[PDB]
Structures are given as C-alpha cells and as structure tokens.
C-alpha cells in the first residue's frame, strides 16, 4: 500500500510510531483502539535495573508544548522481558516493537542490548543517548562524538537486531555526532529527543518541576526538529525516523520533505488519544492534496532532490 515503508528491521504497514515515553508499553492506549493500526511502537525506556523516576511535579504546560522530567521510570530489564514485551507479543504478535534503551554507564546499555533482542517482537533498538553519564560527570553521551561512538560500537557488538541512535537536539553542532554514530555501525537514527526548558511558579517563585529542568516537546519544537533532521539528512545515508511536535498528516509529510522515513508521534497522544489512528486514516487524502505517490517514493524523491 501507499503508506507502507520498509526500514532496517522494520516492515511497517504505515509510518506512524508512538514515541517513547508517550505510550508506556501500549497497555493503556490499547483500551482506546486496535494497536494493529500502528506501524510500530517505541516503548518506554528500559534501564538495566528498576527506576522510580524523579520526584513530582514531573510535567508542566508550555505554549504549544509541555515539559517532562519523568526520570526514566521503568520496571527494569527482567520485568520488561518477562511481562511487558510478552504482553505485546501475545496481543499483537505481528506489531514490530522499537525498544528504547537508556542507561547511566556504558556497561548498562550493553547489558540491556545483549538481552532485549531476545524478545521475538523487538525488531529494533533505539539507543537513547540523551541521558547523564556518571562515568563522565553527568555529561550526556549525546554531546561527545567520541564517547557516543564508543557507546554505539560497544552496544553494536552484542545486539541481535538493528541499532538506531536517538539524537539529542541540545547541541551546538549536531553533524559531528551523526557522522560519528553512523560510522560506529548504527543502522538508523531517530531525532529528536526533547529540548531543555524551565517553568517558574509565580506564587512560590520556585521551578514548577521538582527536577527544575525538564524536556520540552510538542508543536513548539517542530521547527527545531525539522531543521536538525534536514541538517543531518545531508550528512548520513542511514534512514531517519523523525519526531518532534508532530500532530497532523501535514506534519508527517513535512517530516518527509525534511528527509524522515517514518514519523514518531509522542506528546500529541496526550491531547488526542486517537491522534495516531486519526493521522493514519487521514494521510492518503492529504497525500493526494499535495500530489504524492507513496511514502516509499517520496523518500526517494526527497533523497534525490535533496
């Protein structure tokens, strides 16, 4: 069909993928529609050990956006392999799962990447290098091409499935990091993770998030996502799963003009639980409006424009 796109590890019936941290492991939104409509799902970050996350308040509203400071709350590798992914496998055996992998040091990332491909339904790993590294002073793996390339290369060695890297946008120049990550063996990229914002309470004069700083997302960041997706697409040959503020089939198509191959939708699910099926059934009419063949073609036409 028109909406189908084929990526490393991913034979997607269409390009819509709920973004990590915005869909749990699918168990909640599944009460609202048949998850088989989706192309895939980036499930919540998996860390080696369980994590409660940060203290509350964890989220805040901004203009056309929100802030989150969840802190990677997740039940850990053992529980995710035993409960959460098998649950997806039973109810949706043919629905490819993208396993977001986060960590605090290189060994932890590698340990997760060794085991988590064993899940039959996990077709891809999305390395979330947008975390603090304690083996480096809380610096993010996603800001140093050398460390990031180390991390990917180490993780590339143990993984039974293709490895995508999820780029942080909080950089001066993003091009060295993508070049480095592609040369370390990444099969694909996802971008972007969140920007950094703060809100203050007028009454208490303290930050509204306990964590002070939090990740900014929503339509407010779509221009930043488009710019960095366009920037990286001129510099790497591995395909890009674009995300950042997508709310419409129009937004999806614009991600394609930037060079994305599939589109992840994250914050928008909170406003409209049906936004991901809504967009999918709305995509063909919008593609006709702008004279587009198939998404597989568009990827090639845009790639050759470029």
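Positions refer to the first chain, counted from 1.
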query	finding
Between the two ranges 105-113 and 70-78, the one averaging a larger CA B factor in the entry	105-113
Given 231, 194, 139, 100, the residue at which the Cα B factor reaches its maximum	139
Ranked C-alpha temperature factor of residue 33 among modelled chain residues, by third	middle
CA B-factor placement of residue 51, once the chain's modelled residues are sorted into thirds	middle
Residue 281, C-alpha B-factor rank within chain (lowest, middle or highest third)	highest
Record-listed C-alpha B factor of residue 19: chain third	middle
Relative C-alpha B-factor of residue 215, binned into the chain's lowest, middle or highest third	lowest
